[PDB]
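File shown: structure28.cif. Contents: mmCIF, C-alpha atoms and all ligand atoms.
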data_coords
#
loop_
_atom_site.label_atom_id
_atom_site.label_comp_id
_atom_site.auth_asym_id
_atom_site.auth_seq_id
_atom_site.Cartn_x
_atom_site.Cartn_y
_atom_site.Cartn_z
CA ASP A 202 10.59 -19.05 11.93
CA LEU A 203 8.76 -15.88 10.90
CA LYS A 204 11.33 -13.75 12.72
CA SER A 205 13.88 -15.27 10.33
CA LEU A 206 11.74 -14.43 7.29
CA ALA A 207 11.54 -10.81 8.49
CA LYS A 208 15.28 -10.55 9.16
CA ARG A 209 16.20 -12.18 5.82
CA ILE A 210 13.99 -9.72 3.97
CA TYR A 211 15.44 -6.76 5.90
CA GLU A 212 18.99 -7.96 5.23
CA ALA A 213 18.17 -8.32 1.52
CA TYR A 214 16.84 -4.76 1.50
CA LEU A 215 19.93 -3.35 3.24
CA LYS A 216 22.17 -5.23 0.84
CA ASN A 217 20.48 -4.43 -2.44
CA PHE A 218 19.35 -0.78 -2.19
CA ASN A 219 22.02 1.90 -2.32
CA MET A 220 19.80 4.32 -0.38
CA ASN A 221 17.95 3.46 2.77
CA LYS A 222 15.97 5.55 5.10
CA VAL A 223 18.50 5.88 7.91
CA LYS A 224 21.19 6.96 5.41
CA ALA A 225 18.79 9.38 3.74
CA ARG A 226 17.75 11.03 7.00
CA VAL A 227 21.40 11.33 8.05
CA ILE A 228 22.09 13.31 4.88
CA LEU A 229 18.81 15.27 4.90
CA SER A 230 19.65 16.52 8.42
CA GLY A 231 23.15 17.81 7.69
CA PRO A 237 26.23 18.41 2.08
CA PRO A 238 24.13 17.65 -1.03
CA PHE A 239 24.14 20.18 -3.83
CA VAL A 240 20.82 22.00 -4.03
CA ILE A 241 19.00 22.23 -7.36
CA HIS A 242 16.35 24.94 -6.97
CA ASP A 243 16.49 26.84 -10.29
CA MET A 244 17.89 26.57 -13.80
CA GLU A 245 21.31 27.98 -12.83
CA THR A 246 21.82 25.30 -10.17
CA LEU A 247 20.35 22.57 -12.43
CA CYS A 248 23.03 23.32 -15.00
CA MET A 249 25.75 23.39 -12.34
CA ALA A 250 24.58 20.06 -10.93
CA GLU A 251 24.55 18.52 -14.39
CA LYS A 252 28.20 19.49 -14.94
CA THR A 253 29.31 18.04 -11.59
CA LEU A 254 27.04 15.01 -11.14
CA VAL A 255 26.10 13.87 -14.68
CA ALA A 256 29.02 15.40 -16.58
CA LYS A 257 28.83 13.05 -19.58
CA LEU A 258 25.17 13.99 -20.20
CA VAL A 259 26.14 17.56 -21.07
CA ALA A 260 29.70 16.91 -22.35
CA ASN A 261 28.66 18.21 -25.78
CA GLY A 262 26.07 16.72 -25.48
CA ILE A 263 22.33 16.62 -25.05
CA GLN A 264 22.60 19.95 -23.23
CA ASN A 265 21.04 21.71 -26.22
CA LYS A 266 17.86 19.79 -25.39
CA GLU A 267 15.38 21.48 -23.04
CA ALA A 268 16.16 21.28 -19.33
CA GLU A 269 12.94 19.33 -18.69
CA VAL A 270 14.00 16.72 -21.25
CA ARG A 271 17.49 16.43 -19.72
CA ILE A 272 15.96 15.91 -16.29
CA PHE A 273 13.59 13.28 -17.71
CA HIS A 274 16.55 11.39 -19.18
CA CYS A 275 18.39 11.41 -15.86
CA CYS A 276 15.20 10.18 -14.20
CA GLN A 277 14.95 7.30 -16.68
CA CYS A 278 18.53 6.28 -15.94
CA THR A 279 17.77 6.30 -12.24
CA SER A 280 14.69 4.13 -12.77
CA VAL A 281 16.67 1.64 -14.82
CA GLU A 282 19.13 1.39 -11.92
CA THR A 283 16.32 1.03 -9.39
CA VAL A 284 14.69 -1.78 -11.37
CA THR A 285 18.00 -3.65 -11.22
CA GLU A 286 18.20 -3.18 -7.45
CA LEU A 287 14.55 -4.30 -7.08
CA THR A 288 15.22 -7.39 -9.18
CA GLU A 289 18.16 -8.38 -6.99
CA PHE A 290 16.07 -7.73 -3.88
CA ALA A 291 13.24 -9.85 -5.27
CA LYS A 292 15.63 -12.73 -6.00
CA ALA A 293 16.64 -12.63 -2.33
CA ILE A 294 13.05 -12.76 -0.96
CA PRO A 295 12.74 -16.27 0.49
CA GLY A 296 10.71 -18.37 -1.92
CA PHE A 297 10.73 -15.96 -4.84
CA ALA A 298 13.40 -17.91 -6.73
CA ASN A 299 11.23 -21.05 -6.50
CA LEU A 300 8.50 -19.39 -8.54
CA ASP A 301 8.07 -19.94 -12.26
CA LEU A 302 10.51 -17.66 -14.04
CA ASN A 303 7.69 -16.16 -16.10
CA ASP A 304 5.74 -15.42 -12.90
CA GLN A 305 8.86 -13.76 -11.48
CA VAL A 306 8.88 -11.47 -14.54
CA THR A 307 5.18 -10.67 -14.11
CA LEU A 308 5.60 -9.85 -10.42
CA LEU A 309 8.49 -7.49 -11.14
CA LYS A 310 6.68 -5.87 -14.07
CA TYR A 311 3.63 -4.85 -12.01
CA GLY A 312 5.35 -4.34 -8.70
CA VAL A 313 8.45 -2.26 -9.48
CA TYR A 314 6.78 1.16 -9.72
CA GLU A 315 4.66 0.61 -6.64
CA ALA A 316 7.89 -0.26 -4.83
CA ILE A 317 9.69 2.72 -6.39
CA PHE A 318 7.11 5.24 -5.21
CA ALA A 319 7.04 3.69 -1.75
CA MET A 320 10.85 3.88 -1.48
CA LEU A 321 10.90 7.42 -2.96
CA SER A 322 9.19 8.51 0.25
CA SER A 323 12.34 7.71 2.22
CA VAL A 324 14.27 10.41 0.28
CA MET A 325 11.56 13.07 0.29
CA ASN A 326 10.69 15.79 2.74
CA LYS A 327 8.16 18.56 2.31
CA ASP A 328 10.80 20.76 0.59
CA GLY A 329 12.36 18.35 -1.92
CA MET A 330 14.07 15.04 -2.58
CA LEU A 331 17.54 13.64 -2.25
CA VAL A 332 18.89 12.41 -5.61
CA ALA A 333 22.02 11.27 -7.43
CA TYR A 334 23.19 8.68 -4.87
CA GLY A 335 22.76 11.16 -2.01
CA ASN A 336 24.74 13.98 -3.70
CA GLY A 337 21.96 16.30 -4.85
CA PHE A 338 18.73 17.66 -3.50
CA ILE A 339 16.05 18.90 -5.90
CA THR A 340 13.48 21.25 -4.48
CA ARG A 341 9.80 20.44 -4.73
CA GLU A 342 9.16 24.02 -5.95
CA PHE A 343 11.72 23.66 -8.74
CA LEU A 344 10.00 20.54 -10.00
CA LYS A 345 6.63 22.32 -9.90
CA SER A 346 8.21 25.14 -11.99
CA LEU A 347 9.05 22.92 -14.98
CA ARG A 348 6.96 23.32 -18.10
CA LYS A 349 3.99 21.05 -18.51
CA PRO A 350 3.77 18.08 -18.60
CA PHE A 351 7.05 17.54 -16.78
CA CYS A 352 5.97 19.52 -13.68
CA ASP A 353 3.11 17.03 -13.20
CA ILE A 354 5.30 13.95 -12.60
CA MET A 355 6.64 14.35 -9.09
CA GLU A 356 4.00 16.31 -7.23
CA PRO A 357 1.58 13.35 -6.62
CA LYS A 358 4.55 11.38 -5.33
CA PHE A 359 5.39 14.10 -2.80
CA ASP A 360 1.76 14.08 -1.72
CA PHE A 361 1.88 10.31 -1.24
CA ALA A 362 5.23 10.50 0.54
CA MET A 363 4.21 13.15 3.08
CA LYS A 364 1.41 10.97 4.43
CA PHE A 365 3.44 7.76 4.15
CA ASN A 366 6.30 9.37 6.08
CA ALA A 367 3.90 10.41 8.84
CA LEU A 368 3.48 6.67 9.60
CA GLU A 369 7.10 6.80 10.84
CA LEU A 370 8.09 3.45 9.35
CA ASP A 371 11.68 2.29 9.50
CA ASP A 372 13.66 0.16 7.04
CA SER A 373 12.68 -3.04 8.88
CA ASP A 374 9.02 -2.23 8.13
CA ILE A 375 9.59 -0.88 4.62
CA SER A 376 11.54 -3.96 3.54
CA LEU A 377 8.52 -6.16 4.41
CA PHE A 378 6.13 -3.69 2.77
CA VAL A 379 8.14 -3.77 -0.49
CA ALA A 380 8.30 -7.57 -0.35
CA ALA A 381 4.49 -7.63 0.08
CA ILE A 382 4.07 -5.31 -2.93
CA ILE A 383 6.21 -7.58 -5.11
CA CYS A 384 4.67 -10.89 -3.98
CA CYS A 385 1.16 -10.07 -5.07
CA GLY A 386 -1.06 -12.85 -6.30
CA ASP A 387 -3.59 -10.69 -8.16
CA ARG A 388 -1.27 -9.43 -10.87
CA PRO A 389 -2.60 -10.05 -14.38
CA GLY A 390 -1.21 -13.06 -16.18
CA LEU A 391 0.21 -15.13 -13.33
CA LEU A 392 0.59 -18.84 -14.05
CA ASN A 393 0.59 -20.21 -10.48
CA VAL A 394 -1.75 -17.82 -8.62
CA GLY A 395 -2.23 -20.19 -5.71
CA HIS A 396 1.48 -20.63 -5.02
CA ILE A 397 1.97 -16.85 -5.18
CA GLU A 398 -1.00 -16.17 -2.87
CA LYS A 399 0.48 -18.62 -0.36
CA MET A 400 3.87 -16.90 -0.57
CA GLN A 401 2.18 -13.49 -0.19
CA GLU A 402 0.24 -14.76 2.83
CA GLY A 403 3.49 -15.69 4.57
CA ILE A 404 5.04 -12.28 3.94
CA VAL A 405 1.87 -10.43 4.93
CA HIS A 406 1.61 -12.55 8.09
CA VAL A 407 5.19 -11.60 9.02
CA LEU A 408 4.40 -7.95 8.21
CA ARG A 409 1.36 -7.97 10.53
CA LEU A 410 3.32 -9.47 13.41
CA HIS A 411 6.32 -7.20 12.82
CA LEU A 412 4.20 -4.06 12.92
CA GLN A 413 2.55 -5.22 16.15
CA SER A 414 6.01 -5.59 17.72
CA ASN A 415 7.76 -2.60 16.15
CA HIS A 416 4.82 -0.14 16.42
CA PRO A 417 2.94 -1.05 19.61
CA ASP A 418 1.56 2.47 19.75
CA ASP A 419 -0.47 2.31 16.49
CA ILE A 420 -3.11 -0.42 16.56
CA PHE A 421 -4.25 0.36 13.01
CA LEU A 422 -0.86 0.46 11.31
CA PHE A 423 -1.42 -2.80 9.39
CA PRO A 424 -4.74 -1.77 7.76
CA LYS A 425 -3.22 1.69 7.09
CA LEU A 426 -0.45 -0.02 5.14
CA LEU A 427 -2.92 -2.22 3.23
CA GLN A 428 -4.61 1.02 2.16
CA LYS A 429 -1.24 2.50 1.16
CA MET A 430 -0.71 -0.53 -1.10
CA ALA A 431 -4.02 0.20 -2.83
CA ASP A 432 -3.13 3.93 -3.05
CA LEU A 433 0.17 3.01 -4.70
CA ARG A 434 -1.59 0.89 -7.34
CA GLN A 435 -3.72 3.91 -8.24
CA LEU A 436 -0.68 6.19 -8.18
CA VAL A 437 1.09 3.86 -10.63
CA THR A 438 -1.93 3.70 -12.98
CA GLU A 439 -2.05 7.48 -13.08
CA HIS A 440 1.72 7.76 -13.48
CA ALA A 441 1.69 5.38 -16.45
CA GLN A 442 -1.04 7.49 -18.06
CA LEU A 443 1.17 10.57 -17.79
CA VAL A 444 4.21 8.69 -19.15
CA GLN A 445 2.08 7.78 -22.17
CA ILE A 446 1.18 11.47 -22.66
CA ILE A 447 4.89 12.28 -22.64
CA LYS A 448 5.93 9.47 -24.99
CA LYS A 449 3.19 10.58 -27.41
CA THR A 450 3.63 14.39 -27.32
CA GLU A 451 7.39 14.67 -26.61
CA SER A 452 9.84 13.69 -29.37
CA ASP A 453 12.96 14.08 -27.20
CA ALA A 454 11.46 11.99 -24.38
CA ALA A 455 11.97 8.52 -25.88
CA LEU A 456 11.73 5.75 -23.29
CA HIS A 457 14.62 3.48 -22.40
CA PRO A 458 13.82 -0.03 -23.74
CA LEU A 459 13.61 -1.60 -20.27
CA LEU A 460 11.09 1.00 -19.12
CA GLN A 461 9.14 0.64 -22.37
CA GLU A 462 8.95 -3.08 -21.63
CA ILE A 463 7.70 -2.52 -18.08
CA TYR A 464 5.00 -0.05 -19.21
CA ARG A 465 3.83 -2.13 -22.21
CA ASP A 466 0.51 -3.94 -21.68
CA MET A 467 0.54 -2.86 -18.01
CA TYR A 468 -2.51 -0.64 -17.43
CA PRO B 687 13.96 -13.26 -23.89
CA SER B 688 12.72 -9.93 -22.50
CA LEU B 689 15.04 -7.48 -20.74
CA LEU B 690 13.30 -8.10 -17.41
CA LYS B 691 13.87 -11.84 -17.77
CA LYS B 692 17.47 -11.11 -18.68
CA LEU B 693 17.89 -9.19 -15.42
CA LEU B 694 16.34 -12.07 -13.49
CA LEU B 695 18.81 -14.47 -15.10
CA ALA B 696 21.86 -12.27 -14.41
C1 LIG A 701 11.50 7.97 -15.60
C2 LIG A 701 10.01 7.75 -15.73
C3 LIG A 701 9.63 7.69 -17.22
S1 LIG A 701 9.02 9.04 -14.90
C4 LIG A 701 9.90 9.24 -13.32
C5 LIG A 701 10.02 8.15 -12.46
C6 LIG A 701 10.73 8.31 -11.27
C7 LIG A 701 11.31 9.53 -10.97
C8 LIG A 701 12.15 9.71 -9.68
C9 LIG A 701 13.62 9.43 -10.14
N1 LIG A 701 14.60 9.97 -9.18
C10 LIG A 701 15.17 11.29 -9.39
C11 LIG A 701 16.45 11.32 -10.26
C12 LIG A 701 16.92 12.76 -10.44
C13 LIG A 701 18.29 12.82 -11.11
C14 LIG A 701 18.92 14.23 -11.04
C15 LIG A 701 18.18 15.14 -12.00
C16 LIG A 701 18.82 16.54 -12.07
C17 LIG A 701 20.29 16.50 -12.42
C18 LIG A 701 21.02 15.59 -11.42
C19 LIG A 701 20.39 14.19 -11.43
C20 LIG A 701 14.94 9.25 -7.99
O1 LIG A 701 15.71 9.70 -7.19
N2 LIG A 701 14.33 7.94 -7.82
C21 LIG A 701 14.55 7.16 -6.64
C22 LIG A 701 15.88 6.42 -6.58
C23 LIG A 701 15.94 5.74 -5.22
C24 LIG A 701 14.79 4.74 -5.08
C25 LIG A 701 13.45 5.43 -5.23
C26 LIG A 701 13.38 6.19 -6.55
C27 LIG A 701 11.18 10.60 -11.84
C28 LIG A 701 10.48 10.45 -13.02
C29 LIG A 701 9.68 6.42 -15.09
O2 LIG A 701 8.47 6.07 -14.98
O3 LIG A 701 10.61 5.70 -14.66
#

Starting from the file, give its structure as C-alpha cells.
Ligand SMILES: CC(C)(Sc1ccc(CCN(CCCCC2CCCCC2)C(=O)NC2CCCCC2)cc1)C(=O)O
Amino acid sequence: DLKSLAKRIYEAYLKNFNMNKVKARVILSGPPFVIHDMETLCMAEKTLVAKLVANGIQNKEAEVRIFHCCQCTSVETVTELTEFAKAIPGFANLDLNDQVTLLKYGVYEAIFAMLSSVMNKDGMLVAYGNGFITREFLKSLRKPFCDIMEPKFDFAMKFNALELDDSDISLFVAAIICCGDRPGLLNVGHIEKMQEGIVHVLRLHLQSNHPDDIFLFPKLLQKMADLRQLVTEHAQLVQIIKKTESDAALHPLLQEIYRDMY
Amino acid sequence: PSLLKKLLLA
C-alpha cells in the first residue's frame, strides 16, 4: 500500500537524521549557545569544536575555520542521506552505479531543503542542536564567505511558510533523491518508475495532510526546481572559494560530489 | 571505488 510507502519513508527519515523539524522547533522555542560576533564564535569553538582550535588551526582566519566546520557537517550529512537513501523502498534494488549518481546530484538539494528546518529569520541551529549562528553574523563575514548562507535563508523562509512537517519533508527528500533526469543514469526507466511511485505517494499525502492548501503539490514541484538552481549557484561559489582561497581546501568526499556536477 | 560508493557499501 502507498500508506506503507509513506510511513516507511518517514520512519527512515526519523531514524537516519539526527535533527528533525519537531526537535529543531522545540529547541528554537526555548539553551543553544549564540554565535553573533567574533567573541562568541571563538567561545563556541572552544566549547563545541575544541579540537579544531586546540593549537590548532585557530591561527587561520575565522571565516576559514567556519568553512572547515561547515565541511565537516556536510560530510556527516552526506552519510546520513546515504543511509536514508538505502532505506527508501526500492532504492537498494537499483544499479549500484545509479545509486551513486542519484546521491551525487541529490544530496545538496536535500541538504538545502533540510537546512530550512533549522532556520528562522534570525539564524540557524547548528552543532547537533547546541549552537545558534545569527543570520547577521554570517552576513558580516568577509567576502566570499558571507555569500554562502544568505540565499539558503531566503529559500528557507519561503519554504518554511508552507508549514510542512517531517512526514511531508521525508517524502520530499525521497522525491529529490529518486530523480530520473540526473545526468549519467544507466536505467532511467526503472528510476522514473520508482520516482513516479514516490511522487504519487507525495501527492496523496499532501492532499490528506494539508487539506487547506489545494496547490501545495505544484508549489513543492516548483521548490524542487528552485533547489536545483540553488545548488548550481552554490557549486559556482564553492568553485570560487576553492580557486581563490588557499586555506579552504575541500574534503575529498565533497570534492568528489562537486566534480563533474554542474 | 569512489568514496560515495564506499559509503553505499558500508
Ligand atoms: C561546506 C560547503 C563547501 S559550503 C556549506 C554547505 C553547507 C553549510 C551549512 C552547514 N551547517 C552549519 C555548520 C556550522 C558549524 C558551526 C560553525 C561555528 C562554530 C561551531 C560549529 C549545517 O548546520 N548544515 C545542516 C546540518 C543538518 C542538515 C542540514 C544541513 C555551510 C556551508 C559544502 O558545499 O558542503

Practice task
Could you list, as an NGL selection string, the residues of chain B having an atom within 7 Å of chain A when counting only C-alpha atoms?
Solution key: :B and (689-691 or 693-694)

Exercise for the section: Around ligand LIG 701 (chain A), at most 8 Å away and counting all atoms listed in the file, which residues are there? Put them as a ChimeraX atom specification, please. Expected result: /A:218-220,241,247-248,250-251,254-255,271-281,283,314,316-324,330-334,337,339,354-355,440-441,444,456,460

Handout entry: Selection near residue 352 (chain A), 10 Å with all atoms listed in the file, sequence-local residues under 3 positions removed, as a PyMOL selection string
Key = chain A and resi 269+341-349+355-356

Fill in the blank from the handout: Pairwise distance, CA of residue 299 (chain A) with CA of residue 427 (chain A), equals 25.5 Å

Problem - Counting all atoms listed in the file, the residue of A:294, A:223, A:213, A:408 that sits nearest residue 371 (chain A) - result: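 Using all atoms listed in the file, residue 371 (chain A) sits closest to A:223.
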
Practice task
Take CA of residue 227 (chain A) and CA of residue 361 (chain A) and report the distance between them in Å, one decimal.
Solution key: 21.6 Å

Handout entry: Point-to-point distance from CA of residue 243 (chain A) to CA of residue 351 (chain A), Å rounded to tenths
Key =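 Here the two named atoms are 14.8 Å from each other.
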
Handout entry: Closest of A:202, A:360, A:304, A:353 to residue 329 (chain A) - atom-to-atom distances counting only C-alpha atoms
Key =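 Checking each candidate against residue 329 (chain A), we get A:360 as the closest.
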
Problem - Of the listed residues A:379, A:300, A:258, A:363, that which approaches residue 287 (chain A) most closely, counting all atoms listed in the file - result: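 Among the listed residues, the smallest separation from residue 287 (chain A) belongs to A:379.
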
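Excluding residue 412 (chain A) itself and any same-chain residue fewer than 5 positions from it, the protein and nucleic acid residues within 9 Å of it, counting only C-alpha atoms, are residues 374, 407, 417, 419, 420, 422 and 423 of chain A.
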
Exercise for the section: Give as an NGL selection string the set of residues within 9 Å of the point (-0.8, -10.2, -0.3), where distances use the file's coordinates and all atoms listed in the file. Expected result: :A and (381-387 or 397-405 or 427)
